[PDB]
>>> print(open('input-v5.pdb').read())   # PDB, C-alpha atoms
MODEL        1
ATOM      1  CA  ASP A   3       0.000   0.000   0.000  1.00  0.00           C
ATOM      2  CA  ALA A   4       1.392   3.415  -1.127  1.00  0.00           C
ATOM      3  CA  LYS A   5       1.798   6.086   1.639  1.00  0.00           C
ATOM      4  CA  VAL A   6      -1.287   8.241   2.454  1.00  0.00           C
ATOM      5  CA  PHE A   7      -0.411  10.939   5.034  1.00  0.00           C
ATOM      6  CA  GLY A   8      -2.679  12.398   7.687  1.00  0.00           C
ATOM      7  CA  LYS A   9      -2.815  16.239   7.214  1.00  0.00           C
ATOM      8  CA  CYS A  10      -1.071  16.980  10.603  1.00  0.00           C
ATOM      9  CA  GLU A  11       1.315  14.001   9.984  1.00  0.00           C
ATOM     10  CA  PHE A  12       2.255  15.619   6.639  1.00  0.00           C
ATOM     11  CA  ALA A  13       2.566  19.076   8.342  1.00  0.00           C
ATOM     12  CA  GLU A  14       4.864  17.609  11.111  1.00  0.00           C
ATOM     13  CA  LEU A  15       6.996  15.802   8.432  1.00  0.00           C
ATOM     14  CA  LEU A  16       7.660  19.029   6.434  1.00  0.00           C
ATOM     15  CA  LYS A  17       8.667  20.729   9.766  1.00  0.00           C
ATOM     16  CA  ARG A  18      10.735  17.875  11.377  1.00  0.00           C
ATOM     17  CA  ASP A  19      12.634  16.502   8.317  1.00  0.00           C
ATOM     18  CA  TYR A  20      12.734  19.495   5.853  1.00  0.00           C
ATOM     19  CA  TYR A  21      12.801  22.511   8.322  1.00  0.00           C
ATOM     20  CA  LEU A  22      10.217  24.264   6.121  1.00  0.00           C
ATOM     21  CA  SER A  23       8.789  27.634   7.279  1.00  0.00           C
ATOM     22  CA  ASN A  24       5.136  27.819   8.483  1.00  0.00           C
ATOM     23  CA  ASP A  25       4.285  29.788   5.275  1.00  0.00           C
ATOM     24  CA  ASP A  26       5.729  26.964   3.127  1.00  0.00           C
ATOM     25  CA  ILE A  27       4.033  24.277   5.279  1.00  0.00           C
ATOM     26  CA  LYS A  28       0.465  25.764   5.368  1.00  0.00           C
ATOM     27  CA  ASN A  29       0.675  26.186   1.541  1.00  0.00           C
ATOM     28  CA  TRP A  30       2.071  22.660   0.801  1.00  0.00           C
ATOM     29  CA  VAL A  31      -0.439  20.930   3.198  1.00  0.00           C
ATOM     30  CA  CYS A  32      -3.408  22.775   1.557  1.00  0.00           C
ATOM     31  CA  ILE A  33      -2.140  21.993  -2.015  1.00  0.00           C
ATOM     32  CA  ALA A  34      -1.530  18.273  -1.113  1.00  0.00           C
ATOM     33  CA  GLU A  35      -4.988  17.904   0.521  1.00  0.00           C
ATOM     34  CA  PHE A  36      -6.876  19.156  -2.581  1.00  0.00           C
ATOM     35  CA  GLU A  37      -4.526  17.772  -5.304  1.00  0.00           C
ATOM     36  CA  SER A  38      -4.227  14.174  -3.958  1.00  0.00           C
ATOM     37  CA  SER A  39      -5.729  13.731  -0.397  1.00  0.00           C
ATOM     38  CA  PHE A  40      -2.020  13.418   0.715  1.00  0.00           C
ATOM     39  CA  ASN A  41      -1.809  10.103  -1.253  1.00  0.00           C
ATOM     40  CA  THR A  42       1.802   9.652  -2.528  1.00  0.00           C
ATOM     41  CA  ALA A  43       0.579   7.139  -5.235  1.00  0.00           C
ATOM     42  CA  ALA A  44      -2.192   9.474  -6.630  1.00  0.00           C
ATOM     43  CA  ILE A  45      -1.957   9.479 -10.503  1.00  0.00           C
ATOM     44  CA  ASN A  46      -4.265  11.037 -13.167  1.00  0.00           C
ATOM     45  CA  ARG A  47      -4.051  10.284 -16.900  1.00  0.00           C
ATOM     46  CA  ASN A  48      -5.361  13.372 -18.749  1.00  0.00           C
ATOM     47  CA  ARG A  49      -7.097  13.718 -22.174  1.00  0.00           C
ATOM     48  CA  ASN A  50      -4.042  15.595 -23.575  1.00  0.00           C
ATOM     49  CA  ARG A  51      -1.855  12.381 -23.192  1.00  0.00           C
ATOM     50  CA  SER A  52      -0.047  13.830 -20.075  1.00  0.00           C
ATOM     51  CA  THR A  53      -0.057  12.356 -16.532  1.00  0.00           C
ATOM     52  CA  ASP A  54      -0.165  14.024 -13.074  1.00  0.00           C
ATOM     53  CA  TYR A  55       2.057  12.209 -10.471  1.00  0.00           C
ATOM     54  CA  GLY A  56       2.141  11.860  -6.659  1.00  0.00           C
ATOM     55  CA  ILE A  57       0.980  13.990  -3.672  1.00  0.00           C
ATOM     56  CA  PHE A  58       1.575  17.281  -5.706  1.00  0.00           C
ATOM     57  CA  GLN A  59       0.092  15.861  -8.989  1.00  0.00           C
ATOM     58  CA  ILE A  60       3.103  17.143 -11.021  1.00  0.00           C
ATOM     59  CA  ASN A  61       2.543  16.930 -14.821  1.00  0.00           C
ATOM     60  CA  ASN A  62       4.991  14.961 -17.132  1.00  0.00           C
ATOM     61  CA  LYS A  63       4.501  17.538 -20.013  1.00  0.00           C
ATOM     62  CA  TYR A  64       7.023  20.020 -18.333  1.00  0.00           C
ATOM     63  CA  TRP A  65       8.338  18.805 -14.961  1.00  0.00           C
ATOM     64  CA  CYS A  66       9.361  15.080 -14.973  1.00  0.00           C
ATOM     65  CA  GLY A  67      10.054  12.201 -17.412  1.00  0.00           C
ATOM     66  CA  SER A  68      12.770  11.987 -20.194  1.00  0.00           C
ATOM     67  CA  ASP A  69      10.390  10.199 -22.652  1.00  0.00           C
ATOM     68  CA  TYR A  70       7.417  12.724 -22.741  1.00  0.00           C
ATOM     69  CA  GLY A  71       7.358  16.570 -23.094  1.00  0.00           C
ATOM     70  CA  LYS A  72      10.168  18.360 -21.126  1.00  0.00           C
ATOM     71  CA  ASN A  73      11.901  17.338 -17.824  1.00  0.00           C
ATOM     72  CA  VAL A  74      12.595  20.671 -15.976  1.00  0.00           C
ATOM     73  CA  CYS A  75      13.016  18.806 -12.608  1.00  0.00           C
ATOM     74  CA  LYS A  76      15.413  16.348 -14.392  1.00  0.00           C
ATOM     75  CA  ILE A  77      13.699  13.368 -12.688  1.00  0.00           C
ATOM     76  CA  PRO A  78      11.745  10.247 -13.721  1.00  0.00           C
ATOM     77  CA  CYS A  79       8.032  10.890 -12.837  1.00  0.00           C
ATOM     78  CA  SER A  80       8.051   7.579 -10.784  1.00  0.00           C
ATOM     79  CA  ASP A  81      10.403   9.405  -8.317  1.00  0.00           C
ATOM     80  CA  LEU A  82       7.463  11.825  -7.594  1.00  0.00           C
ATOM     81  CA  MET A  83       5.239   8.786  -6.741  1.00  0.00           C
ATOM     82  CA  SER A  84       7.110   7.461  -3.658  1.00  0.00           C
ATOM     83  CA  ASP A  85       6.516   6.908   0.115  1.00  0.00           C
ATOM     84  CA  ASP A  86       9.547   9.303   0.423  1.00  0.00           C
ATOM     85  CA  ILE A  87       8.519  12.883  -0.675  1.00  0.00           C
ATOM     86  CA  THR A  88      12.055  14.373  -0.954  1.00  0.00           C
ATOM     87  CA  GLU A  89      11.979  14.546  -4.827  1.00  0.00           C
ATOM     88  CA  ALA A  90       8.240  15.541  -4.901  1.00  0.00           C
ATOM     89  CA  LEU A  91       9.085  18.487  -2.589  1.00  0.00           C
ATOM     90  CA  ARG A  92      12.368  19.352  -4.422  1.00  0.00           C
ATOM     91  CA  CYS A  93      10.404  19.414  -7.751  1.00  0.00           C
ATOM     92  CA  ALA A  94       7.383  21.341  -6.297  1.00  0.00           C
ATOM     93  CA  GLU A  95       9.836  24.040  -5.009  1.00  0.00           C
ATOM     94  CA  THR A  96      11.281  24.250  -8.595  1.00  0.00           C
ATOM     95  CA  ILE A  97       7.693  24.526 -10.028  1.00  0.00           C
ATOM     96  CA  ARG A  98       7.025  27.316  -7.422  1.00  0.00           C
ATOM     97  CA  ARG A  99      10.449  28.956  -8.202  1.00  0.00           C
ATOM     98  CA  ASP A 100       9.917  28.988 -12.035  1.00  0.00           C
ATOM     99  CA  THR A 101       6.205  30.028 -11.836  1.00  0.00           C
ATOM    100  CA  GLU A 102       7.168  32.961  -9.528  1.00  0.00           C
ATOM    101  CA  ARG A 103       9.983  33.840 -12.042  1.00  0.00           C
ATOM    102  CA  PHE A 104       7.498  34.322 -14.988  1.00  0.00           C
ATOM    103  CA  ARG A 105       4.287  35.286 -13.047  1.00  0.00           C
ATOM    104  CA  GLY A 106       5.650  37.748 -10.412  1.00  0.00           C
ATOM    105  CA  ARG A 107       6.577  37.912  -6.681  1.00  0.00           C
ATOM    106  CA  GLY A 108       4.379  35.624  -4.479  1.00  0.00           C
ATOM    107  CA  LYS A 109       2.551  33.921  -7.438  1.00  0.00           C
ATOM    108  CA  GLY A 110       4.655  30.664  -7.256  1.00  0.00           C
ATOM    109  CA  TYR A 111       1.802  28.379  -6.081  1.00  0.00           C
ATOM    110  CA  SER A 112      -0.584  29.566  -8.904  1.00  0.00           C
ATOM    111  CA  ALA A 113       0.881  26.619 -10.996  1.00  0.00           C
ATOM    112  CA  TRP A 114      -1.571  24.370  -8.992  1.00  0.00           C
ATOM    113  CA  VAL A 115      -5.329  24.211  -9.879  1.00  0.00           C
ATOM    114  CA  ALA A 116      -6.052  23.237  -6.192  1.00  0.00           C
ATOM    115  CA  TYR A 117      -4.087  26.334  -4.984  1.00  0.00           C
ATOM    116  CA  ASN A 118      -6.118  28.716  -7.231  1.00  0.00           C
ATOM    117  CA  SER A 119      -9.528  27.240  -6.123  1.00  0.00           C
ATOM    118  CA  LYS A 120      -8.996  26.132  -2.468  1.00  0.00           C
ATOM    119  CA  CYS A 121      -5.884  27.777  -0.903  1.00  0.00           C
ATOM    120  CA  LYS A 122      -5.213  31.268  -2.439  1.00  0.00           C
ATOM    121  CA  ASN A 123      -6.367  34.174  -0.173  1.00  0.00           C
ATOM    122  CA  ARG A 124      -7.581  31.736   2.543  1.00  0.00           C
ATOM    123  CA  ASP A 125      -6.578  31.988   6.188  1.00  0.00           C
ATOM    124  CA  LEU A 126      -4.261  28.952   6.097  1.00  0.00           C
ATOM    125  CA  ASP A 127      -3.365  29.640   9.785  1.00  0.00           C
ATOM    126  CA  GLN A 128      -7.035  28.821  10.631  1.00  0.00           C
ATOM    127  CA  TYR A 129      -6.812  25.838   8.156  1.00  0.00           C
ATOM    128  CA  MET A 130      -3.659  24.576  10.039  1.00  0.00           C
ATOM    129  CA  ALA A 131      -5.213  25.313  13.510  1.00  0.00           C
ATOM    130  CA  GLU A 132      -6.232  21.626  14.071  1.00  0.00           C
ATOM    131  CA  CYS A 133      -2.473  20.703  13.618  1.00  0.00           C
ATOM    132  CA  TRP A 134      -0.744  23.800  15.150  1.00  0.00           C
ATOM    133  CA  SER A 135      -3.263  24.252  18.089  1.00  0.00           C
TER     134      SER A 135
ENDMDL
END
>>> encode(input="input-v5.pdb", output="structure tokens")
Amino acid sequence: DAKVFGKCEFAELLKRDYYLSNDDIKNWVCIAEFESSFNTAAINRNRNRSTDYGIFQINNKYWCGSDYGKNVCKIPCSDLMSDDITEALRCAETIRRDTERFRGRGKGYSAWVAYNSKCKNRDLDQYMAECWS
């Protein structure tokens, strides 16, 4: 069985193992909830022949996979579908970094459909209250 995190378990992991800031954490937890229900083996085969991979549903058209589209994260997409989230996180931070680059300061997370609909402009301190309270 592929890893499915609890929300607070996922929050505590990003803090304990990756020393992420609260701002980073509240944003990644929210994005993971609504992209994949924190399921590391979540995968979605789209109509456009592309695939979304892992807890951050990263798309093989731009971000992973030598054989299809581009490979900006320079990683096989399988590496983003793992019990261990290191490469998922490393690649999400690159997606956030590049998006911010082209879109403008503080717009990094707008690369995610879940971010735009469920997380942007929300009080993610309230959202995290059940974990941080």
>>> resolve_selection(input="input-v5.pdb", expression="the PyMOL selection byres ((chain A and resi 36-44) around 6)", output="count of residues only")
13
>>> atom_distance(input="input-v5.pdb", atom1="CA of residue 74 (chain A)", atom2="CA of residue 88 (chain A)")
16.3 Å
>>> atom_distance(input="input-v5.pdb", atom1="CA of residue 128 (chain A)", atom2="CA of residue 22 (chain A)")
18.4 Å
>>> resolve_selection(input="input-v5.pdb", expression="the PyMOL selection byres ((chain A and resi 93) around 12)", output="ChimeraX atom specification")
/A:55-62,64-66,73-79,81-83,87-92,94-100
>>> resolve_selection(input="input-v5.pdb", expression="the PyMOL selection byres ((chain A and resi 130) around 10)", output="mmCIF file with C-alpha atoms, in the coordinates of the input")
data_model
loop_
_atom_site.group_PDB
_atom_site.id
_atom_site.type_symbol
_atom_site.label_atom_id
_atom_site.label_comp_id
_atom_site.auth_asym_id
_atom_site.auth_seq_id
_atom_site.Cartn_x
_atom_site.Cartn_y
_atom_site.Cartn_z
ATOM 1 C CA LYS A 9 -2.815 16.239 7.214
ATOM 2 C CA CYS A 10 -1.071 16.980 10.603
ATOM 3 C CA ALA A 13 2.566 19.076 8.342
ATOM 4 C CA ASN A 24 5.136 27.819 8.483
ATOM 5 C CA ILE A 27 4.033 24.277 5.279
ATOM 6 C CA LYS A 28 0.465 25.764 5.368
ATOM 7 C CA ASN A 29 0.675 26.186 1.541
ATOM 8 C CA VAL A 31 -0.439 20.930 3.198
ATOM 9 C CA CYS A 32 -3.408 22.775 1.557
ATOM 10 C CA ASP A 125 -6.578 31.988 6.188
ATOM 11 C CA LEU A 126 -4.261 28.952 6.097
ATOM 12 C CA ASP A 127 -3.365 29.640 9.785
ATOM 13 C CA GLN A 128 -7.035 28.821 10.631
ATOM 14 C CA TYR A 129 -6.812 25.838 8.156
ATOM 15 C CA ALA A 131 -5.213 25.313 13.510
ATOM 16 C CA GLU A 132 -6.232 21.626 14.071
ATOM 17 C CA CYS A 133 -2.473 20.703 13.618
ATOM 18 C CA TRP A 134 -0.744 23.800 15.150
ATOM 19 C CA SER A 135 -3.263 24.252 18.089
#
>>> atom_distance(input="input-v5.pdb", atom1="CA of residue 46 (chain A)", atom2="CA of residue 111 (chain A)")
19.7 Å
>>> closest_residue(input="input-v5.pdb", among="A:53, A:85, A:30, A:19", to="residue 110 (chain A)", atoms="only C-alpha atoms")
A:30
>>> closest_residue(input="input-v5.pdb", among="A:23, A:68, A:123, A:80", to="residue 109 (chain A)", atoms="all atoms listed in the file")
A:123
>>> closest_residue(input="input-v5.pdb", among="A:21, A:54, A:15, A:102", to="residue 67 (chain A)", atoms="only C-alpha atoms")
A:54
>>> build_atoms(input="input-v5.pdb", residues="region 49-75 of chain A", atoms="N, CA and C atoms", output="CSV table (one decimal), in the coordinates of the input")
chain,number,residue,atom,x,y,z
A,49,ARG,N,-6.6,13.8,-20.8
A,49,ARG,CA,-7.1,13.7,-22.2
A,49,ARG,C,-6.0,14.2,-23.2
A,50,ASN,N,-5.1,14.9,-22.7
A,50,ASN,CA,-4.0,15.6,-23.6
A,50,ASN,C,-2.8,14.7,-23.7
A,51,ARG,N,-2.9,13.5,-23.2
A,51,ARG,CA,-1.9,12.4,-23.2
A,51,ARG,C,-0.8,12.6,-22.1
A,52,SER,N,-1.0,13.5,-21.2
A,52,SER,CA,0.0,13.8,-20.1
A,52,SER,C,-0.6,13.1,-18.8
A,53,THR,N,0.3,13.1,-17.8
A,53,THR,CA,-0.1,12.4,-16.5
A,53,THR,C,0.4,13.3,-15.4
A,54,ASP,N,-0.5,13.3,-14.3
A,54,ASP,CA,-0.2,14.0,-13.1
A,54,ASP,C,0.3,13.0,-12.1
A,55,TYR,N,1.4,13.2,-11.3
A,55,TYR,CA,2.1,12.2,-10.5
A,55,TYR,C,2.2,12.7,-9.0
A,56,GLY,N,1.8,11.8,-8.1
A,56,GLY,CA,2.1,11.9,-6.7
A,56,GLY,C,1.3,12.8,-5.9
A,57,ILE,N,1.7,13.1,-4.7
A,57,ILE,CA,1.0,14.0,-3.7
A,57,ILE,C,0.8,15.4,-4.2
A,58,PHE,N,1.6,15.9,-5.1
A,58,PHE,CA,1.6,17.3,-5.7
A,58,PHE,C,1.1,17.2,-7.2
A,59,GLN,N,0.7,16.1,-7.7
A,59,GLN,CA,0.1,15.9,-9.0
A,59,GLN,C,0.9,16.7,-10.0
A,60,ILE,N,2.2,16.4,-10.1
A,60,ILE,CA,3.1,17.1,-11.0
A,60,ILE,C,3.0,16.5,-12.4
A,61,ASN,N,2.9,17.3,-13.4
A,61,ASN,CA,2.5,16.9,-14.8
A,61,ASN,C,3.8,16.6,-15.6
A,62,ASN,N,3.8,15.4,-16.3
A,62,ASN,CA,5.0,15.0,-17.1
A,62,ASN,C,5.2,15.8,-18.4
A,63,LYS,N,4.3,16.7,-18.8
A,63,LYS,CA,4.5,17.5,-20.0
A,63,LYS,C,5.7,18.5,-19.8
A,64,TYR,N,6.0,19.0,-18.6
A,64,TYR,CA,7.0,20.0,-18.3
A,64,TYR,C,8.1,19.6,-17.3
A,65,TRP,N,7.7,18.8,-16.3
A,65,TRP,CA,8.3,18.8,-15.0
A,65,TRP,C,9.2,17.5,-14.7
A,66,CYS,N,8.6,16.4,-15.1
A,66,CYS,CA,9.4,15.1,-15.0
A,66,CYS,C,9.3,14.3,-16.3
A,67,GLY,N,10.2,13.3,-16.4
A,67,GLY,CA,10.1,12.2,-17.4
A,67,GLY,C,10.8,12.5,-18.7
A,68,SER,N,11.9,11.9,-19.0
A,68,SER,CA,12.8,12.0,-20.2
A,68,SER,C,12.0,11.8,-21.5
A,69,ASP,N,11.0,10.8,-21.4
A,69,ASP,CA,10.4,10.2,-22.7
A,69,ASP,C,9.2,11.1,-23.2
A,70,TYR,N,8.6,11.9,-22.4
A,70,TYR,CA,7.4,12.7,-22.7
A,70,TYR,C,7.6,14.2,-22.4
A,71,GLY,N,7.3,15.1,-23.3
A,71,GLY,CA,7.4,16.6,-23.1
A,71,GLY,C,8.8,17.0,-22.7
A,72,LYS,N,8.9,17.9,-21.7
A,72,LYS,CA,10.2,18.4,-21.1
A,72,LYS,C,10.3,17.7,-19.8
A,73,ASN,N,11.5,17.9,-19.1
A,73,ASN,CA,11.9,17.3,-17.8
A,73,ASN,C,12.6,18.4,-17.0
A,74,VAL,N,11.9,19.5,-16.7
A,74,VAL,CA,12.6,20.7,-16.0
A,74,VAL,C,13.2,20.2,-14.7
A,75,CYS,N,12.5,19.3,-13.9
A,75,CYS,CA,13.0,18.8,-12.6
A,75,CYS,C,14.1,17.7,-12.8
